[PDB]
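As structure tokens, the structure follows; a few thoughts come after it.
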Amino acid sequence: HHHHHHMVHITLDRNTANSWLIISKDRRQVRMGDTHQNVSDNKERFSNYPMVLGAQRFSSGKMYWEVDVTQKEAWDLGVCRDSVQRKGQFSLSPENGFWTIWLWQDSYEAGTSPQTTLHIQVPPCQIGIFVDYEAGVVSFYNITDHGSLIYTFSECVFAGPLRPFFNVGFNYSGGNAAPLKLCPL
Ligand SMILES: Cc1c(Cl)cccc1NC(=O)[C@@H]1CCCO1
């Protein structure tokens with residue numbers, strides 16, 4: 001791809017984080033803590049899952065950023081509506097305002113309803129995310145494999161401002177403590 005020139009500097013929004021997340025001082029890294037992180041509750045926080053939003057809101061144009069997923073067993077990445085549900089149980093789907101991919105149990109899947117199997121030959125250590133607001137496109141790229149396409153959501157009905165979306169995943173196994181990191185431009 002040749003999307004790198006629409007690069008945007010994403011930072012994480014502490015106020016949206018599940019209360020067990022630890023966001024770095026530079027707001028570019030997030031990991032699951034081994035307990036509640038001593039913050040007050042608020043209506044923005046994702047309650048049921050280890051999720052957080054980027055601070056930036058996008059309502060036009062082309063945007064591109066990259067995320068490091070090295071040595072994680074589970075995660076979700078993409079974009080979502082600013083108005084997505086925060087509390088209780090929900091599925092990641094375009095109907096619920098999410099355009100995402102994930103790793104779970106040694107398989108990669110796109111967050112369609114029902115979910116779509118991804119075909120990845122080279123497990124990615126860094127993921128590129130491209131949004132074209134006007135075109136209604138969200139695309140994912142394998143930076144480890146020379147930028148190869150992972151998945152394109154097209155005919156997207158955003159229906160609102162978009163925010164970068166992250167899930168560090170559960171760490172029941174003890175093998176998923178590693179952070180998500182926003183990679184430099
Ligand atoms: C923080 C969290 C949410 Cl939000 C949802 C489900 C699980 C967890 N916690 C973990 O994955 C690990 C394993 C048990 C102790 O923490």
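Convention: chains lettered A, B, ... in structure tokens order; per-chain residue numbering from 1; ligands numbered from 1 as shown.
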Quick one: everything within 10 Å of region 66-75 of chain A, counting only C-alpha atoms, minus sequence neighbours fewer than 6 positions away in the same chain. Send it as a tab-separated table (two decimals) with C-alpha atoms, in the first residue's frame.
```
chain	number	residue	atom	x	y	z
A	4	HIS	CA	1.75	5.85	4.99
A	7	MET	CA	-0.12	9.04	9.03
A	8	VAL	CA	-1.80	10.58	12.16
A	9	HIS	CA	-0.40	10.75	15.75
A	10	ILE	CA	-2.86	8.78	17.91
A	28	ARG	CA	1.10	5.70	23.35
A	29	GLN	CA	1.11	2.27	25.18
A	50	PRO	CA	-10.07	-4.41	28.60
A	51	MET	CA	-10.85	-1.72	25.97
A	101	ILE	CA	-10.10	-7.43	13.46
A	102	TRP	CA	-8.80	-9.65	16.24
A	103	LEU	CA	-6.53	-12.48	17.31
A	104	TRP	CA	-8.09	-15.19	19.51
A	105	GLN	CA	-6.94	-18.80	20.13
A	106	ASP	CA	-4.38	-18.88	17.31
A	107	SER	CA	-6.83	-17.57	14.61
A	108	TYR	CA	-7.29	-14.07	13.11
A	123	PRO	CA	1.76	-13.69	12.04
A	124	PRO	CA	1.90	-9.88	12.32
A	125	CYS	CA	4.01	-8.04	14.93
A	126	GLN	CA	2.64	-4.62	13.70
A	127	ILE	CA	-0.77	-3.83	12.10
A	128	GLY	CA	-1.50	-0.79	9.88
A	129	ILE	CA	-5.04	0.69	9.99
A	130	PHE	CA	-6.32	2.88	7.16
A	140	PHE	CA	-5.87	-3.52	7.79
A	141	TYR	CA	-2.29	-4.21	6.64
A	142	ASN	CA	0.40	-6.68	7.84
A	143	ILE	CA	3.51	-4.46	8.36
A	166	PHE	CA	-8.16	-1.00	21.17
A	167	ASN	CA	-8.63	-4.16	23.24
A	168	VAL	CA	-5.51	-5.52	25.02
A	169	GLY	CA	-7.40	-8.80	25.67
A	170	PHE	CA	-7.89	-11.02	28.72
A	171	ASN	CA	-4.78	-12.41	30.54
A	173	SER	CA	-3.39	-17.61	30.57
A	174	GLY	CA	-0.52	-15.48	31.88
A	175	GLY	CA	0.73	-15.36	28.26
A	176	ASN	CA	-1.03	-12.09	27.18
A	177	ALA	CA	0.44	-9.40	29.50
A	178	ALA	CA	2.36	-7.59	26.71
A	179	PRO	CA	1.20	-4.07	25.76
A	180	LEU	CA	-0.36	-2.61	22.64
A	181	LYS	CA	1.97	0.19	21.41
A	182	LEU	CA	1.29	2.99	18.91
A	183	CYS	CA	4.35	2.91	16.54
A	184	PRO	CA	6.22	6.07	15.56
A	185	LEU	CA	5.67	7.80	12.17
```
- Which polymer residues have any atom within 10 Å of an atom of residue 161 (chain A), counting only C-alpha atoms, with same-chain residues fewer than 2 positions away left out, as an MDAnalysis selection string? chainID A and resid 56:60 80:83 133 158:159 163
- Query: Residues of chain A in strand (DSSP E or B) according to DSSP, as a ChimeraX atom specification?
  - Reply: /A:7,12,21-23,29-32,51-54,58,62-68,75-81,98-104,107-110,116-117,126-132,137-142,148-153,162-167,180-182
Would you write out those residues with C-alpha atoms, as a PDB file, in the first residue's frame?
```pdb
ATOM      1  CA  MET A   7      -0.125   9.043   9.029  1.00  0.00           C
ATOM      2  CA  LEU A  12      -5.027   7.017  24.157  1.00  0.00           C
ATOM      3  CA  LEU A  21      -5.679  -0.728  32.133  1.00  0.00           C
ATOM      4  CA  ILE A  22      -2.336   1.080  32.565  1.00  0.00           C
ATOM      5  CA  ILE A  23      -1.696   3.759  29.921  1.00  0.00           C
ATOM      6  CA  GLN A  29       1.114   2.273  25.176  1.00  0.00           C
ATOM      7  CA  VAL A  30      -1.531   0.329  27.126  1.00  0.00           C
ATOM      8  CA  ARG A  31      -1.412  -2.967  29.030  1.00  0.00           C
ATOM      9  CA  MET A  32      -3.631  -4.890  31.463  1.00  0.00           C
ATOM     10  CA  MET A  51     -10.853  -1.718  25.971  1.00  0.00           C
ATOM     11  CA  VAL A  52      -9.813   1.933  25.466  1.00  0.00           C
ATOM     12  CA  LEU A  53     -10.360   4.594  22.740  1.00  0.00           C
ATOM     13  CA  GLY A  54      -7.977   7.011  21.071  1.00  0.00           C
ATOM     14  CA  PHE A  58     -12.374  11.656  12.704  1.00  0.00           C
ATOM     15  CA  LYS A  62      -7.959   9.696   5.110  1.00  0.00           C
ATOM     16  CA  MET A  63      -6.105   8.542   8.278  1.00  0.00           C
ATOM     17  CA  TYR A  64      -3.428   5.871   8.868  1.00  0.00           C
ATOM     18  CA  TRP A  65      -1.737   4.576  12.037  1.00  0.00           C
ATOM     19  CA  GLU A  66       0.235   1.463  13.168  1.00  0.00           C
ATOM     20  CA  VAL A  67      -0.009  -0.679  16.289  1.00  0.00           C
ATOM     21  CA  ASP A  68       2.603  -3.145  17.740  1.00  0.00           C
ATOM     22  CA  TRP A  75      -6.347  -8.385  21.057  1.00  0.00           C
ATOM     23  CA  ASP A  76      -8.901  -6.438  19.015  1.00  0.00           C
ATOM     24  CA  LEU A  77      -7.974  -3.357  16.832  1.00  0.00           C
ATOM     25  CA  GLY A  78      -9.751  -0.953  14.540  1.00  0.00           C
ATOM     26  CA  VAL A  79     -12.184   2.007  14.776  1.00  0.00           C
ATOM     27  CA  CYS A  80     -15.582   2.582  16.297  1.00  0.00           C
ATOM     28  CA  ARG A  81     -18.360   5.167  16.498  1.00  0.00           C
ATOM     29  CA  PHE A  98     -17.268  -1.276  15.325  1.00  0.00           C
ATOM     30  CA  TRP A  99     -14.919  -1.999  12.356  1.00  0.00           C
ATOM     31  CA  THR A 100     -12.320  -4.346  13.859  1.00  0.00           C
ATOM     32  CA  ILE A 101     -10.097  -7.429  13.458  1.00  0.00           C
ATOM     33  CA  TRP A 102      -8.796  -9.650  16.245  1.00  0.00           C
ATOM     34  CA  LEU A 103      -6.531 -12.477  17.312  1.00  0.00           C
ATOM     35  CA  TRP A 104      -8.087 -15.193  19.510  1.00  0.00           C
ATOM     36  CA  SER A 107      -6.829 -17.568  14.612  1.00  0.00           C
ATOM     37  CA  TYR A 108      -7.290 -14.069  13.107  1.00  0.00           C
ATOM     38  CA  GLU A 109     -10.906 -12.947  12.342  1.00  0.00           C
ATOM     39  CA  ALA A 110     -12.651  -9.799  11.068  1.00  0.00           C
ATOM     40  CA  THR A 116     -14.979 -13.778   8.971  1.00  0.00           C
ATOM     41  CA  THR A 117     -11.847 -16.016   8.947  1.00  0.00           C
ATOM     42  CA  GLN A 126       2.643  -4.623  13.699  1.00  0.00           C
ATOM     43  CA  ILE A 127      -0.774  -3.834  12.097  1.00  0.00           C
ATOM     44  CA  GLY A 128      -1.503  -0.794   9.881  1.00  0.00           C
ATOM     45  CA  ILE A 129      -5.040   0.685   9.994  1.00  0.00           C
ATOM     46  CA  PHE A 130      -6.324   2.876   7.158  1.00  0.00           C
ATOM     47  CA  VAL A 131      -9.637   4.810   7.254  1.00  0.00           C
ATOM     48  CA  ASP A 132     -11.152   6.646   4.252  1.00  0.00           C
ATOM     49  CA  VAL A 137     -13.472   2.049   3.917  1.00  0.00           C
ATOM     50  CA  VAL A 138     -11.482   0.559   6.818  1.00  0.00           C
ATOM     51  CA  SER A 139      -8.449  -1.543   5.784  1.00  0.00           C
ATOM     52  CA  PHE A 140      -5.875  -3.521   7.789  1.00  0.00           C
ATOM     53  CA  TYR A 141      -2.287  -4.210   6.636  1.00  0.00           C
ATOM     54  CA  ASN A 142       0.397  -6.685   7.840  1.00  0.00           C
ATOM     55  CA  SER A 148       0.184  -7.115   2.682  1.00  0.00           C
ATOM     56  CA  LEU A 149      -3.614  -6.633   2.909  1.00  0.00           C
ATOM     57  CA  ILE A 150      -5.336  -8.418   5.786  1.00  0.00           C
ATOM     58  CA  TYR A 151      -8.944  -7.202   5.408  1.00  0.00           C
ATOM     59  CA  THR A 152     -11.063  -4.371   3.903  1.00  0.00           C
ATOM     60  CA  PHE A 153     -14.482  -3.333   5.251  1.00  0.00           C
ATOM     61  CA  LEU A 162     -14.926   7.674  14.510  1.00  0.00           C
ATOM     62  CA  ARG A 163     -12.399   6.937  17.254  1.00  0.00           C
ATOM     63  CA  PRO A 164      -9.394   4.580  17.207  1.00  0.00           C
ATOM     64  CA  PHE A 165     -10.397   1.409  19.125  1.00  0.00           C
ATOM     65  CA  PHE A 166      -8.161  -1.001  21.168  1.00  0.00           C
ATOM     66  CA  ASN A 167      -8.626  -4.160  23.242  1.00  0.00           C
ATOM     67  CA  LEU A 180      -0.364  -2.608  22.636  1.00  0.00           C
ATOM     68  CA  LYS A 181       1.971   0.194  21.411  1.00  0.00           C
ATOM     69  CA  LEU A 182       1.290   2.987  18.905  1.00  0.00           C
TER      70      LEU A 182
END
```
- Taking the backbone alone, and naming residues the way the document does, which bits of chain A are helix (DSSP H, G or I) by DSSP, as a PyMOL selection string? chain A and resi 4-6+14-16+94-96+143-145
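Distances from A:87, A:120, A:172, A:111 to ligand 1 were compared using only C-alpha atoms and all ligand atoms, and the smallest one belongs to A:172.
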- Rounded to one decimal place, report the atom 13 (C, counted along the ligand's line) of ligand 1-CA of residue 94 (chain A) distance in Å. 27.7 Å
- Message: Between CA of residue 48 (chain A) and CA of residue 97 (chain A), what distance in Å does the model show, to one decimal?
- Response: 16.9 Å
- For ligand 1, which residue out of A:88, A:61, A:160, A:114 is the nearest one, using only C-alpha atoms and all ligand atoms? A:88
- Extract, using only C-alpha atoms, all DNA, RNA and protein residues at most 10 Å from residue 43 (chain A), discarding same-chain residues fewer than 3 positions from it, and format them as an MDAnalysis selection string. chainID A and resid 15:16 46:47 85:87
For C-alpha atoms, I'd like the residues from the last selection saved as a compact mmCIF listing (two decimals), in the first residue's frame.
```txt
# COMPACT_ATOMS: atom_id res chain seq x y z
CA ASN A 15 -11.05 8.47 30.67
CA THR A 16 -12.43 5.75 28.30
CA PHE A 46 -15.62 0.13 29.00
CA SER A 47 -16.79 -2.04 31.97
CA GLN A 85 -22.11 1.15 24.09
CA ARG A 86 -19.58 1.16 27.01
CA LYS A 87 -21.38 -0.93 29.70
```
